[PDB]
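S.K.: build me a model:
(chains A, B, C, D and E, ligands or ions: 5)
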Amino acid sequence: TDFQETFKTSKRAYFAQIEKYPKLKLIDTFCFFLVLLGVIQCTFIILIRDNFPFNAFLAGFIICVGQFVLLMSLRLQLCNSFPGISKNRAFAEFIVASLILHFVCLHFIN
Amino acid sequence: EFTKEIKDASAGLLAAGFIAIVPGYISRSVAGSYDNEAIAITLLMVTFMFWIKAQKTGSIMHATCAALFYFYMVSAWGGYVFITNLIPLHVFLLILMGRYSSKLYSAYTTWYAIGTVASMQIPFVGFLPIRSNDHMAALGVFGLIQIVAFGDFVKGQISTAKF
Amino acid sequence: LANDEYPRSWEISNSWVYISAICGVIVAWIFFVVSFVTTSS
Amino acid sequence: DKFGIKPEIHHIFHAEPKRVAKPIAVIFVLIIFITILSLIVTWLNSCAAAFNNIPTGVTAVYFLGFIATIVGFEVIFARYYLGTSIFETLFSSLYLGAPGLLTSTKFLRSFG
Amino acid sequence: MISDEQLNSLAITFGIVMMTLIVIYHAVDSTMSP
Ligand SMILES: CC(=O)N[C@H]1[C@H](O[C@H]2[C@H](O)[C@@H](NC(C)=O)[C@@H](OP(=O)(O)OP(=O)(O)OCC[C@H](C)CC/C=C(/C)CC/C=C(/C)CCC=C(C)C)O[C@@H]2CO)O[C@H](CO)[C@@H](O[C@@H]2O[C@H](CO[C@H]3O[C@H](CO)[C@@H](O)[C@H](O[C@H]4O[C@H](CO)[C@@H](O)[C@H](O)[C@@H]4O)[C@@H]3O)[C@@H](O)[C@H](O[C@H]3O[C@H](CO)[C@@H](O)[C@H](O)[C@@H]3O[C@H]3O[C@H](CO)[C@@H](O)[C@H](O)[C@@H]3O[C@H]3O[C@H](CO)[C@@H](O)[C@H](O[C@H]4O[C@H](CO)[C@@H](O)[C@H](O[C@H]5O[C@H](CO)[C@@H](O)[C@H](O)[C@H]5O[C@H]5O[C@H](CO)[C@@H](O)[C@H](O)[C@H]5O)[C@H]4O)[C@@H]3O)[C@@H]2O)[C@@H]1O
Ligand SMILES: *[C@@H]1O[C@H](CO)[C@@H](O[C@@H]2O[C@H](CO)[C@@H](O[C@@H]3O[C@H](CO[C@H]4O[C@H](CO)[C@@H](O)[C@H](O)[C@@H]4O)[C@@H](O)[C@H](O[C@H]4O[C@H](CO)[C@@H](O)[C@H](O)[C@@H]4O[C@H]4O[C@H](CO)[C@@H](O)[C@H](O)[C@@H]4O[C@H]4O[C@H](CO)[C@@H](O)[C@H](O)[C@@H]4O)[C@@H]3O)[C@H](O)[C@H]2NC(C)=O)[C@H](O)[C@H]1NC(C)=O
Ligand SMILES: CCCCC/C=C\C/C=C\CCCCCCCC(=O)O[C@H](COC(=O)CCCCCCCCCCCCCCC)COP(=O)([O-])OCC[N+](C)(C)C
Ligand SMILES: CCCCC/C=C\C/C=C\CCCCCCCC(=O)O[C@H](COC(=O)CCCCCCCCCCCCCCC)COP(=O)([O-])OCC[N+](C)(C)C
Ligand SMILES: [Mn+2]
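M.R.: Numbering: from 1, shown residues only, chains lettered A, B, ... in the order given. Ligands and ions are numbered 1, 2, ... in the order given. Now the structure:
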């Protein structure tokens, strides 16, 4: 059950890391709830068997996935900074990208 | 600007001088030729310069500029299908050569997330990115970069032979 | 039909879900930025 | 009969796509509302995002400006979603980003 | 206005000046920088 060994070691390292810093906790919970929101919308579509406004469903799902990827990028840059980018720059760039994605998804839903 | 990132400024000056008067471009950029290509072929280079700055710096802002100019191009020329199939390939290649790095993840996922949702707003190109064969390459590279990030945290955690 | 003349998002009972989700994500991002700056590591 | 009364003709329109019953779509809005509330409670009560290290010196008048920029952009987008033109949105973004950029780069420079 | 043989001479002169400035810049940069 080498799978179990790797699983337990990963859980150990991850929970230790997220207790050592709170900001990583913020990012991880935000990502988890974004995944929950995506599951909820997929479940709506499946349950009703129709997706009449495809531009609205696409807007919701895409805002969720884009926020997830942006949060993961910020987390990467935070845990181990890049060569020429400080963490204030990695935060301002994230803010700008998030605002642009918000505007695009708001225009997509009509 | 694109050639100053590959080698040096002198090479960029040489390339600008070459492309200023090369006939292969003049054929379609002559005064009076008011077609999509005139603008497009400029936006192509303006987009590849930002994709190379983002891919070799990891910046999210440069990836966002690349996505914005990519959107500017899907809305000007029907040959935008070049970029959407040449930027994934690059990333894809860098994965086979064993050169994956967090900068790659950041750059590509930002570019895709922004540009794909902004390219569906053009009435002409609408819903094609999700249902056409021209853009399935970018989607597959999107998925592959997430399985590779996961495996670059997990395999990096455990020892080599344990893989 | 012009791009303007189409039943808006709030008029379709099928799209209340997606707009609610967009609003929820934008308000969670707005609270996340504030709580990321305010609190220290 | 080539010249004479002729039978009528009426166009046949298609049935517009159906929209899910309302009581089935309000439950999902309630689910999403509860989910967002639970997210905010998870942050507020898991020892994370605790509201400490709040600036209170001169940099506080900059922190509020930073908040003002962020929330103000989300207000502009809201207005736009509600019907405001695109040119008015661009001009509002310009007017609100000219000083907001400065106030929010100064906040980041002062907050180490 | 300007004729055609004049615009040809002007185009050629612009090109020659550009390629000579580029060569001078490259020589200067390659000789005075490791
Ligand atoms: C030869 C040829 O081909 N040609 C072509 C052409 O071309 C040309 C051009 O044009 C010109 N130009 C000029 C300017 O002039 C020239 O050129 P050039 O120069 O060349 O140009 P360029 O650009 O430059 O080019 C060049 C470039 C190149 C490209 C180069 C390249 C480069 C490169 C580099 C490449 C590379 C690549 C690669 C890949 C690489 C690789 C790499 C790697 C791999 C690595 O010249 C030329 C030539 O000479 O063009 C044209 C056009 O333009 C064309 O045409 C076309 O075609 C097509 C095809 O066809 C085919 O197919 C078909 C199928 O489709 C078939 O059928 C056919 O067959 C047959 O058919 C017919 C029948 O009848 C017959 O008759 C015939 O005969 C035939 O045979 C064929 O086969 C087609 O398709 C088209 O069509 C179209 O169009 C038309 C016009 O109009 C129409 O009519 C139609 O119908 C169509 O349309 C459509 O679509 C559109 C868009 O697109 C629209 O607009 C319309 O309306 C329609 O739509 C409809 O349908 C659709 C489909 O079904 C749908 O989808 C829609 O819907 C949508 O949308 C709407 C509106 O917007 C909306 O509404 C909706 O949405 C709604 O609903 C939904 C559902 O339920 C939902 O979901 C949602 O929700 C909603 O939404 C709504 O509501 C809401 C609330 O409630 C709100 O919110 C919102 O807002 C709203 O929206 C959606 O869905 C509709 O239904 C055409 O025809 C030719 O061809
Ligand atoms: C690209 O360009 C080309 C060329 O310009 C375009 O091609 C033209 O397209 C036209 C429509 O798209 C088409 O017109 C139709 O042709 C049908 C084929 O008929 C042929 O066979 C019959 C024998 O069955 C011949 O008599 C006839 O001459 C043809 O050879 C016709 O069947 C269509 O007639 C119906 O529409 C016209 C006008 O709308 C009515 O006057 C006619 O009475 C028919 O109307 C019935 O259907 C409509 C709805 O479609 C109802 O509103 C109406 O009340 C009638 O309803 C009865 O019938 C339906 C079943 O049909 C039934 O359910 C109902 O209860 C009633 O009993 C029409 O004439 C051209 O022929 C075609 N030309 C060529 C050269 O191809 C092409 O569209 C363009 N593409 C684009 C724009 O995208
Ligand atoms: C830091 C903060 C950053 C903020 C974000 C900044 C930029 C975002 C980046 C990309 C946005 C992508 C989405 C595009 C939406 C366009 C809005 C619009 O095209 O108008 C749309 C028109 O619909 C359309 O047909 C869209 C079709 C797209 C065609 C655009 C032409 C291409 C132009 C390319 C660039 C040209 C530059 C010229 C000079 C260089 C609405 O207009 P409306 O007046 O009807 O209002 C309506 C208000 N409803 C929506 C609530 C009802
Ligand atoms: C980013 C920078 C880019 C720089 C390069 C860009 C563009 C240049 C490339 C190609 C130019 C194509 C030449 C087309 C000429 C056709 C018209 C023609 O043929 O004029 C010629 C005349 O010319 C000249 O003597 C003009 C000599 C003046 C020298 C230029 C002054 C400097 C201007 C540039 C700076 C301006 C602002 C400075 C401060 C901000 C024929 O005049 P005419 O008989 O038709 O009418 C006139 C009728 N009278 C004769 C009665 C008057
Ligand atoms: Mn053309």
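S.K.: who in chain B is up against chain E?
M.R.: Neighbours of chain E within chain B, by CB under 8 Å from any CB of the partner chain: B:8, B:9, B:10, B:13, B:14, B:17, B:20, B:21. (C-beta placed from N, C-alpha, C; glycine too.)
S.K.: residues near the second one, how many?
M.R.: Using other CB atoms under 10 Å in any protein chain shown, residue B:9 is surrounded by 13 other residues.
S.K.: which phi and psi does it have?
M.R.: phi -60, psi -40 (degrees, to the nearest 10).
S.K.: please tell me how far it sits from ligand 1.
M.R.: Per CB to the nearest ligand atom, to the nearest Å, residue B:9 is found 29 Å from ligand 1.
S.K.: helices of chain D, residue ranges please.
M.R.: Remark: helices assigned in chain D by DSSP state H are D:22-44, D:60-81, D:86-110.
S.K.: sorry, that was for chain E
M.R.: According to DSSP H, the helices that chain E contains are E:4-31.
S.K.: which helix or which strand is home to residue B:40?
M.R.: Assigned by DSSP states H and E, residue B:40 falls within helix B:36-57.
S.K.: taking the helices of chain D together, which one is wrapped up most tightly?
M.R.: helix D:60-81 (a mean of 17; mean count of other CB atoms under 10 Å in any protein chain shown).
S.K.: convert that one to PDB, retaining C-alpha atoms only.
M.R.: Only the C-alpha atoms of helix D:60-81 are listed here, as PDB (Å, rounded to 0.1, in the frame of the first residue of the first chain):
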ATOM      1  CA  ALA D  60      -4.400  53.900   7.200                       C
ATOM      2  CA  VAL D  61      -5.600  56.800   5.100                       C
ATOM      3  CA  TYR D  62      -3.800  54.900   2.300                       C
ATOM      4  CA  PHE D  63      -5.300  51.500   3.200                       C
ATOM      5  CA  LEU D  64      -8.800  53.000   2.900                       C
ATOM      6  CA  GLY D  65      -7.900  54.300  -0.500                       C
ATOM      7  CA  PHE D  66      -6.700  50.900  -1.500                       C
ATOM      8  CA  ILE D  67     -10.000  49.400  -0.400                       C
ATOM      9  CA  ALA D  68     -11.700  52.200  -2.200                       C
ATOM     10  CA  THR D  69     -10.000  51.400  -5.500                       C
ATOM     11  CA  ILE D  70     -10.900  47.600  -5.300                       C
ATOM     12  CA  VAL D  71     -14.500  48.000  -4.300                       C
ATOM     13  CA  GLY D  72     -15.000  50.900  -6.700                       C
ATOM     14  CA  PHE D  73     -14.000  48.800  -9.600                       C
ATOM     15  CA  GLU D  74     -16.500  46.200  -8.600                       C
ATOM     16  CA  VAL D  75     -19.100  48.900  -8.300                       C
ATOM     17  CA  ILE D  76     -18.300  50.200 -11.800                       C
ATOM     18  CA  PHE D  77     -18.700  46.700 -13.300                       C
ATOM     19  CA  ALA D  78     -22.000  46.400 -11.400                       C
ATOM     20  CA  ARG D  79     -23.300  49.600 -12.900                       C
ATOM     21  CA  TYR D  80     -22.100  48.400 -16.400                       C
ATOM     22  CA  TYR D  81     -24.000  45.100 -15.900                       C
END
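S.K.: what's around the closest residue to ligand 1 within chain C, how many residues?
M.R.: Residue of chain C nearest ligand 1, by CB to the nearest ligand atom: residue C:6 (4.3 Å). Neighbourhood size, residue C:6 [other CB under 10 Å]: 13.
S.K.: for it, which non-adjacent residue is closest in space?
M.R.: residue A:110 (6.5 Å; CB to CB, 6 or more residues apart in numbering or on different chains).
S.K.: quick one: contacts for residue 21?
M.R.: All of this is about chain A. Going by CB atoms under 8 Å, 6 or more residues apart in numbering or on different chains, residue A:21 touches residue C:41.
S.K.: sorry, I should have been clearer: chain D.
M.R.: residue C:13.
S.K.: again with the one 3 residues further on
M.R.: For residue D:24, the contacting residues are residue A:48, by CB under 8 Å, 6+ apart.
S.K.: SS state for the residue lying closest to residue E:26 once chain neighbours are set aside?
M.R.: Sequence neighbours aside, residue B:10 is the residue nearest to residue E:26 in space, at 4.7 Å (criterion: CB to CB, 6+ apart). Assigned by DSSP: H, G, I helix; E, B strand; the rest coil, the conformation of residue B:10 is helix.
S.K.: so residue B:10 makes contact with residue E:30?
M.R.: Yes: shown here, residue B:10 and residue E:30 form a contact pair, counting by CB atoms under 8 Å, at 7.3 Å.
S.K.: between these two, who's got more neighbours?
M.R.: Neighbour count, other CB under 10 Å: between residue B:10 and residue E:30, residue B:10 has more, with 19 against 11.
S.K.: against chain A, how distant is that one?
M.R.: 23 Å (CB to the nearest CB, to the nearest Å).
S.K.: now chain C against chain E: closest residue?
M.R.: residue C:41 (42.6 Å; CB to the nearest CB).
S.K.: now for that residue: which residues touch it?
M.R.: Contact analysis of residue C:41 by CB under 8 Å, 6+ apart lists A:21, A:22, A:23.
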